[PDB]
Structures are given as structure tokens and as C-alpha cells.
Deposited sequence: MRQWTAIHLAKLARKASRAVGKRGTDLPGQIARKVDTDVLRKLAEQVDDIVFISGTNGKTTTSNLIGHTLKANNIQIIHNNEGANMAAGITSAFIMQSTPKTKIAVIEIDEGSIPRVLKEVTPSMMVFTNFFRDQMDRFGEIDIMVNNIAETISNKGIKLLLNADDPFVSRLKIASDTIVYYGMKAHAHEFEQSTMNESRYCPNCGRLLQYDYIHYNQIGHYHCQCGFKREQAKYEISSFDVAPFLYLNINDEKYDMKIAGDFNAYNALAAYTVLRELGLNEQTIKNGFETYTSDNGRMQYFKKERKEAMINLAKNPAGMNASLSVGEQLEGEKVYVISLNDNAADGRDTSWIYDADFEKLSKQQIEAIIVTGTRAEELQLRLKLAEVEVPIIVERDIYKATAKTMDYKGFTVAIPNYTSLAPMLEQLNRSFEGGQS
């Protein structure tokens, strides 16, 4: 009975759900609101069921917090909505991993005729099916040919009439511009990505404004737009959103960005040839000169056989503007030798202590590219956090 009284004290309650992208969407909203000194309630990826959401409202309610930003497991929506009515709900997507159909129906029944503003992904037909659950619908989505996604292939049923759903254009899998002869279709979008690229971070064109972000991943474009839509619907203007979006970053050491005045860094885990080739190609999409710190441990979880580094394309480093490469970890010397054999002719510094190696990159004005394998990640990420405070 207590959650109800806590929630009534909050003017705006935003729920984020769907099967994917909940956390990034939620974090982008919460980061952008806090960066404008707005006090909020905000839960996390380990606390998106009923019990964890209730705990978030108890722990974080103060007289100043007038917005809650709540990610919620899609299965938890009925149990929670017996206690809290959000003012708006954004849905990212529903992926089966006819099981989607049933779950979407249960969600529709739960939120119907409650006055909730729904922000639906027009490009996902199972998210869009939720239009029957409210009279206040806001559509977001992506224009055809905004990006060529990696691509993957079946026929799906119209949630309204049981025909096979016709598609005019497919972003990927079920996500696309669909149109059924019964009227069910990809609706016109109020907020739309017309174009985006990842090079190496997300760069988005949303309603003819450019959003230069600090996270990566093609899939994250839709999460950014879902977050953008919430924030516009809360009344924030494009510049205020641009300020928050330009500084949000991941926190798991995957394409994670750092900045302190004119010094920049990014860290990306690489533990095999494909991952290393990808991490080495990030540097070349980065303007100006670079400094590298590359770490190769050979602890049990890394494997003891470091031979794979000879299948990585370290030679490509000769095509980049690089001040120095610091090699570190317990097999730092294997990396020095690999770079010698790669004919990469730049100062190479052996510093086996990962904390000392990582700190050292702060002495260079170039863009730090930090590339650890698995057991190198935690010490290298810890030092980067320390160095960039």
C-alpha cells in the first residue's frame, strides 16, 4: 500500500519497457535529466521487477524529486500497475528470442483506458499493437534507408487480422515499414531518425538535428531515439537533450569514453583476433594523433596461449597517426615483439603494471585508445576512472 502513496507524490512517472534496450534508454533519460539538475527517482537493471521498483521509490523519494524514471521488466507490468499509474510509458521493442503475441495482449489489457501517454516504436509491429490501449499515442521510428543494418528472416502475422504482414522495407528482422490490407501499418512518426552512422560513436540525425554521441552500437540508435522521445514529451528542448546526449557514456569498458578538458580516452575490451581487429580500427576513425595502451594478461580466464595475437592485424597500425604504444599485462613483452614483427615503427613502452601503464597515457595529448583483454579490463578501467576524476 505504500508504493501508491509514494508514487502519488510524483507528478511525472516514466516507465521504460520492452525486451531490449531498457537500460540504455533509461540511463539516457536519467542522465539527461540529472545533467539539468532535475531531481529524479531512478532504478537500475538489477531492480526492474516489482520488489526492486518498490525499493527504489522508498530509498530515493524526497520532497524535491518530481520525476521517476523506471525501467520495468515486461512481465512485471501487471503486478506493478495495480499500484502505480505512469504518466507515460515508452516501449522499445518485443523480440521472441506465438509467445510475443500473448504477452503483448496481456500488457495491452493492463494499461488500457488509464490515460497513460504511450510512446511506441512505429517500426516494431508488436510494440505498435499497443495503440489499442490508449487514446494518447506518440510514435517514434526510423526512416527507410536511414542505415544499412547487419541483416538476418521469416514471415510474421498481423496482430490485428491474422494475415501475413506485408513489409515495404525492413530495417532488420521484424523491424521495418509494414502495412496490412486491414489498415494496421507502420504509422507516421513524430520523432524520426532520418540517418545515422557509427564512426566510431553514434552520430544521429533526429528531426533535422545532429546528435554527436559517446556510445556505440547500431542497436543503440533506437534506444537513443526512445530516450529522446521521452525527453521531448517531458518538454525538454532539442539543445537541452543535445547537451545530455553528448556526454552520456557506457560504464562496462565496451566503447566507453572519457574526457577531462582536452584529454580524451576510450576503452574497448579485446580478447581474440576479431575483437582486436575491431578495436584497432576504432583508432583510425578518430581524428588526430592517438596513444595506445594495450594489455595482454595470460591468467586462467584469458587462456595461457597468446598465439592468437599473430592472427590479429597489428600491421594496420602503421596507417594511423600514433604518438606511442604502451604495452602492459603479464605478457606485455609478447606484444612488444608482435609489434616489432608487425613493423609498427613508433615508440613502444613496456610497463607490465596495468595501473602504471594506463596512468601513463595521461601524459600524451593524443586520443588514448585503451585495449585490454579480459582480466586486464578491471584494473585498466579502474585506473581510467581514477585518472579522469
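**Student:** Numbered from 1 along the deposited sequence, what ranges are absent from the coordinates?
**Tutor:** Deposited residues absent from the model fall in 1-37, 135-139, 195-196, 434-437.
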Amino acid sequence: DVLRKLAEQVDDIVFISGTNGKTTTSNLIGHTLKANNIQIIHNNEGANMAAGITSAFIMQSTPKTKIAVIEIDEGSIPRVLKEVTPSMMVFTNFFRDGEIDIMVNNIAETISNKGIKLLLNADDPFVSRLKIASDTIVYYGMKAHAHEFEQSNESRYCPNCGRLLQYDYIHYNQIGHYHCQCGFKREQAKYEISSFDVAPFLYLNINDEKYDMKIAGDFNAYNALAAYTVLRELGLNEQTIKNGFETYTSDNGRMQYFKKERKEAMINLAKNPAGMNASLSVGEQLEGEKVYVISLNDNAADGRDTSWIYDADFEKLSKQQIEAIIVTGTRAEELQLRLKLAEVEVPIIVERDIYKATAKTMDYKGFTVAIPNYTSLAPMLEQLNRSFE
From here on, numbers count along this sequence of modelled residues.
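**Student:** Quick one: higher average CA temperature factor, 292-300 or 83-91?
**Tutor:** On average, C-alpha B-factors are higher across 83-91.
**Student:** With respect to the recorded C-alpha B factors, which stretch has the higher mean value, 331-339 or 59-67?
**Tutor:** According to the PDB entry, the answer is 59-67.
**Student:** Compare the CA B factors listed in the entry for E264, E315, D218, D208 and report the winner.
**Tutor:** Max CA B-factor in the entry, restricted to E264, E315, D218, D208: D208.
**Student:** Could you check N121, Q239, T306, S250 and tell me which one carries the biggest Cα B-factor in the deposited entry?
**Tutor:** In this record, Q239 carries the highest C-alpha B-factor of the candidates.
**Student:** For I38, return the chain-relative third of its C-alpha B-factor as stated in the PDB record: lowest, middle or highest.
**Tutor:** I38: CA B-factor falls in the highest third of its chain.
**Student:** Ranking every modelled residue in this chain by its Cα temperature factor as given in the entry, which third contains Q9?
**Tutor:** Highest third, going by the recorded CA B-factors of the chain.
**Student:** Would you check the entry's CA temperature factor for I326 and let me know if it's in the chain's lowest, middle or highest third?
**Tutor:** Answer is lowest: the recorded C-alpha B-factor places it there.
**Student:** Report the third (lowest, middle or highest) to which the CA temperature factor of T54 belongs, ranking only the modelled residues of the same chain.
**Tutor:** Answer is highest: the recorded C-alpha B-factor places it there.
**Student:** Against its chain's modelled residues, does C182's Cα B factor rank lowest, middle or highest third?
**Tutor:** As the PDB entry reports it, the C-alpha B-factor of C182 lands in the highest third of its chain.
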